[PDB]
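1. Experimental structure below, sequence on top.
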Amino acid sequence: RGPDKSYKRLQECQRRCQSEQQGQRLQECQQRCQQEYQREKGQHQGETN
């Protein structure tokens, strides 16, 4: 059982945010990770497209 690679991206992103960012920066950082996660499904490049 493995999550999607974008979820892997999310995991790494939020882990990083928890160490590299804090306070407002943390909540926004992890939020950006969540946005990126949505953006990886909205393929701008196209991996399934």
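-> Received, thanks. Numbering: from 1, shown residues only.
2. make it CA atoms for all contacts and neighbour counts henceforth
-> Will do.
3. where's the closest residue in space to residue 18 that isn't next to it in sequence, which helix or strand?
-> Leaving aside its chain neighbours, residue 18 sits nearest to residue 26 (6.3 Å; criterion: Cα to Cα, 6 or more residues apart in numbering). Assigned by DSSP states H and E, residue 26 belongs to helix 24-41.
4. Other residues contacting that helix?
-> 6-7, 9-10, 13-14, 17-18, 21 (Cα atoms under 8 Å, 6 or more residues apart in numbering).
5. So which of the residues you listed sit within helices?
-> Among those, the members found in helices (DSSP state H) are 6-7, 9-10, 13-14, 17-18.
6. Can you give me the end-to-end span of stretch 39-47?
-> 12 Å (Cα to Cα, to the nearest Å).
7. returning to what we had before: and which of the ones in helices among the contacts of helix 24-41 is nearest to residue 47?
-> residue 6 (12.1 Å; Cα to Cα).
8. For the closest one, give me its contacts.
-> Residue 6 touches 37, 40-41, counting by Cα under 8 Å, 6+ apart.
9. Filter these down to the buried ones.
-> 37, 40 (16 or more other Cα atoms under 10 Å).
10. could the contacts of residue 6 be laid out in CSV, adding distance to residue 48?
-> Converted to CSV, these look like this (distance: Cα to Cα, whole Å):
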residue, distance to residue 48
37, 16
40, 11
41, 10
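11. which element is the closest residue in space to residue 49 that isn't next to it in sequence on?
-> By the measure of Cα to Cα, 6+ apart, the closest residue to residue 49 outside its immediate chain neighbours is residue 43, 7.8 Å from it. If you go by DSSP H and E, residue 43 is not part of any helix or strand.
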